[PDB]
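>>> to kick things off, part of the complex as it is:
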Amino acid sequence: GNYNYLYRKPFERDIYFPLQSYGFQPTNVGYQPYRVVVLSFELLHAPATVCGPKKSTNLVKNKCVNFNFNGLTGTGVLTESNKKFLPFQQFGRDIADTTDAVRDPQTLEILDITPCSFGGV
């Protein structure tokens, strides 16, 4: 078969001796070759740079809105803010882990998120 295909921490790479070769022949189902792609998604709080086809709206300020920034879905009154985000930081967090401020992905300004007005009746 196609013996040009061979086998041997997380995301470890390593290049009797260790290699063995697959006998991939069309006559082989479990003994047949399969291709595999593994997609790893880097969620981390830097700027996003691989995003879905979902089209951006305009921005809205000083009014309660059902926002989404880079997949960060939420609801609140968005307002301009004085928070000095360092260049590597995209989001800011509350004591409760809930996002308290964001940097917008298209214009690099910083918004506070304030939850919409509420109380007991």
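Sure, I can see it. Numbering: from 1, shown residues only, chains lettered A, B, ... in the order given.
>>> residue A:95 and residue A:28: what is the separation?
Noted for residue A:95: a distance of 59 Å to residue A:28, by CB to CB, to the nearest Å. Every C-beta, even on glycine, is put in place using the N, C-alpha and C of the backbone.
>>> between those two, tell me which one has more neighbours.
Set residue A:95 next to residue A:28 and count neighbours by other CB atoms under 10 Å: residue A:28 wins out with 12 against 6.
>>> not counting its neighbours along the chain, what's nearest the more buried one?
residue A:1 (7.5 Å; CB to CB, 6 or more residues apart in numbering).
>>> relative to residue A:6, how far out is the residue of chain A most remote from its centre?
Relative to the centre of chain A, the most outlying C-alpha is that of residue A:16, 43.0 Å out, by CA atoms, centre = their mean. Residue A:16 is 14 Å from residue A:6, where distance means CB to CB.
>>> same question, residue A:40
Taken as CB to CB, the span from residue A:40 to residue A:6 is 23 Å.
>>> same drill for these two, tell me which one is more crowded.
Taking other CB under 10 Å, residue A:40 and residue A:6 do not tie; residue A:6 has more neighbours (10 against 6).
>>> give the bridge partners for that one, please.
Residue A:6 has these beta-bridge partners by DSSP bridges: residue A:21.
>>> which residues touch it?
A:19, A:20, A:21, A:22 (CB atoms under 8 Å, 6 or more residues apart in numbering).
>>> and these as a markdown table, adding neighbour count?
A markdown table is the format used below for the contacts of residue A:6 (neighbours: other CB atoms under 10 Å):
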| residue | neighbour count |
| --- | --- |
| A:19 | 8 |
| A:20 | 10 |
| A:21 | 12 |
| A:22 | 16 |
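>>> in chain A, which residue is closest to the centre?
Centroid-nearest residue in chain A: residue A:43, 3.0 Å away (criterion: CA atoms, centre = their mean).
>>> here's chain B, drop it on:
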Amino acid sequence: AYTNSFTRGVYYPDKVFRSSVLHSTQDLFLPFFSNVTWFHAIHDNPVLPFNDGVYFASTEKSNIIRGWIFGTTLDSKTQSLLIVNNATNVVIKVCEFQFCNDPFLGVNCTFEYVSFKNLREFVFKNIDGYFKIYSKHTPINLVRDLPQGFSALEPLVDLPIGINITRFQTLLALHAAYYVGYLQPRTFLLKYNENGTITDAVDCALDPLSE
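Putting chain B together with the chains above:
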């Protein structure tokens, strides 16, 4: 030679803004008041173990220290990380290098990336095949050595290289002084100020008052 690190080698643990808060974090940090091995860029470029990860720093006036080598055997039997600054530029490679007998910069590459007066501080660590670089740069008033007092390092570069590291070395530009300290898995408590900035820290395992 040797010196003591004092309150140095803290870095921002994640890319999240925080302010007016004391935040606990557990990570590979340089321990407070630890020893660091000291070397002189004058009159010194040996191989070093890497262990869990490395703080590296240089006190400078002429830019002699310009890069690093990392890997396991450093002998072309495996892929090995090379990092270099060349004036205006940064270049990074992972080839199966057969390195020089005494590495200096003259005044399968499965991955590639491109882009005393002062203290330069760096942190290097390898996690899940990613190699992570943090740094800070400052003028200094102390002529001799690492300064006492507190400052924090920021993430600059993060590379998905998929390579093992247990030895490293530093690269001199040839025809100042430099420092090495191993990180440890430590809990730190970090004071984020009103201006989003880490401005104080406690290494919890330093002493009973720190606990």
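>>> the residue farthest from the centre of chain A and chain B, how far apart?
According to CB to the nearest CB, to the nearest Å, residue A:16 and chain B sit 18 Å apart.
>>> may I ask which helix or strand encompasses that residue?
Under the criterion of DSSP states H and E, residue A:16 resides outside all helices and strands.
>>> still on that earlier bit, checking the residue nearest to the centre of chain A next. Helix, strand or coil?
Recorded secondary structure, residue A:43: coil (DSSP: H, G, I helix; E, B strand; the rest coil).
>>> how about stretch B:148-166, does it reach chain A?
Yes. Stretch B:148-166 comes into contact with chain A (CB under 8 Å from any CB of the partner chain), by way of B:154, B:155, B:160, B:162, B:163, B:164.
>>> buried sites along that stretch?
Under the neighbour-count criterion of 16 or more other CB atoms under 10 Å in any protein chain shown, stretch B:148-166 has B:151, B:152, B:153, B:154, B:155, B:159, B:161, B:162, B:163, B:164, B:165 buried.
>>> next one: phi and psi at the fourth one?
By that I understand residue B:154. Torsion angles at residue B:154 (phi, psi; degrees, to the nearest 10) stand at phi -110, psi 140.
>>> quickly list what it is bridged to.
Taking DSSP bridges as the rule, residue B:154 bridges to residue B:135.
>>> quick check, it in contact with residue B:14.
No. Taking CB atoms under 8 Å as the definition, residue B:154 is not a contact partner of residue B:14, at 11.6 Å.
>>> what residues are up against residue 114?
Picking chain A for this. A:76, A:77, A:78, A:79 (CB atoms under 8 Å, 6 or more residues apart in numbering or on different chains).
>>> hm, I was asking about chain B
Residue B:114 sits next to B:89, B:90, B:91, B:92 when contact means CB under 8 Å, 6+ apart.
>>> pull out the buried residues from those.
Neighbour counting with 16+ other CB under 10 Å marks residue B:92 as buried within those.
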